[PDB]
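Protein sequence lines correspond, in order, to chains A and B. Read in this note's numbering, the first sequence has 439 at position 86, and its numbers run on one by one without any break. Read in this note's numbering, the second sequence has 32 at position 26, and its numbers run on one by one without any break. Ideal Cβ placement from N, Cα and C applies to all residues, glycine included. Notes for the one structure printed next.
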Amino acid sequence: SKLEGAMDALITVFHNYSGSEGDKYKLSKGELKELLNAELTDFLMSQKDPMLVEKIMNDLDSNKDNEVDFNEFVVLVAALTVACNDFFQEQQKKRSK
Amino acid sequence: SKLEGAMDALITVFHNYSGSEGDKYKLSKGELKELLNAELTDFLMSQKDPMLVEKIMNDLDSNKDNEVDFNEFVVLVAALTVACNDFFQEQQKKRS
Ligand SMILES: [Ca+2]
Ligand SMILES: [Ca+2]
Ligand SMILES: [Ca+2]
Ligand SMILES: [Ca+2]
């Protein structure tokens, strides 16, 4: 199914970056930065934005273990997907006026 | 990017079922049923299970407007993906 394909992909993406160092199933700041730069580059306007990454790391690491675990990563993905969905919807609503 | 491809897919799937009736951007119980049966059938052990769909509807519709909006739908997707990831990680741990 298209949905479970997407779910599989969320899992794969995470594990593509989380296994370079430290906990194999959590993202370090470095691994997160890597993932942001390669996977969400449009959100960084294809710029390097370390201070922004720092803030993303701080907002996502809710339990303060200096890692972004999978639950924490999914919080990111959910927020950015909702925001994009909302964008597309408002663009259609604006058009129908 | 693989990630943004997946995010796009989440949006497209929801909008694939949400536009049959009512709000074009929310799932009725009926629309949610169609989505669950087409997209998550393995979670239903490939059975039709309207009693479980009812409970799923009731759980996802946190604002009690009788619809599952996109945010509500992503709560389900997050929960299921997290559970699936946990499964795959515990299967690896077990193996070692
Ligand atoms: Ca790691
Ligand atoms: Ca954390
Ligand atoms: Ca609808
Ligand atoms: Ca609702």
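Element boundaries [alpha helix (DSSP H), containing residue i]
i, result
"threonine 18/B", "8-24"
"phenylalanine 396/A", "Per DSSP, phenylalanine 396/A belongs to no alpha helix (DSSP H) and is neither H nor E."
"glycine 375/A", "Here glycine 375/A belongs to no alpha helix (DSSP H), and DSSP marks it neither H nor E."
"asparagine 43/B", "35-45"
Per DSSP, the bridge partner or partners of residue i
i, result
"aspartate 414/A", "Beta-bridge pairing links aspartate 414/A to no other residue."
"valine 421/A", "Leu380/A"
Within chain B, partners of residue i - CB distance below 7 Å
i, result
"residue 307/A", "Absent from the model: residue 307/A. The displayed extent of chain A is 354 to 450, so no value can be given."
"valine 406/A", "Near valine 406/A there are no residues of chain B at all, since even the closest Cβ is about 16 Å away, more than 7 Å."
"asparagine 424/A", "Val88"
"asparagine 438/A", "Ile17 and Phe76"
Chain B contact residues for residue i, given Cβ-Cβ distances below 9 Å
i, result
"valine 366/A", "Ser7, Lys8, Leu9 and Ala12"
Chain B residues whose Cβ lies nearer than 8 Å to that of residue i
i, result
"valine 427/A", "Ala84, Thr87 and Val88"
"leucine 393/A", "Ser7, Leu9 and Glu10"
Query raised in the report: Near ligand 4, which residues have their beta-carbon closer than 6 Å to a heavy atom?
Result: So the residues near ligand 4 by this Cβ test are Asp67/B, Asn69/B, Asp71/B, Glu73/B, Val74/B, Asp75/B and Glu78/B.
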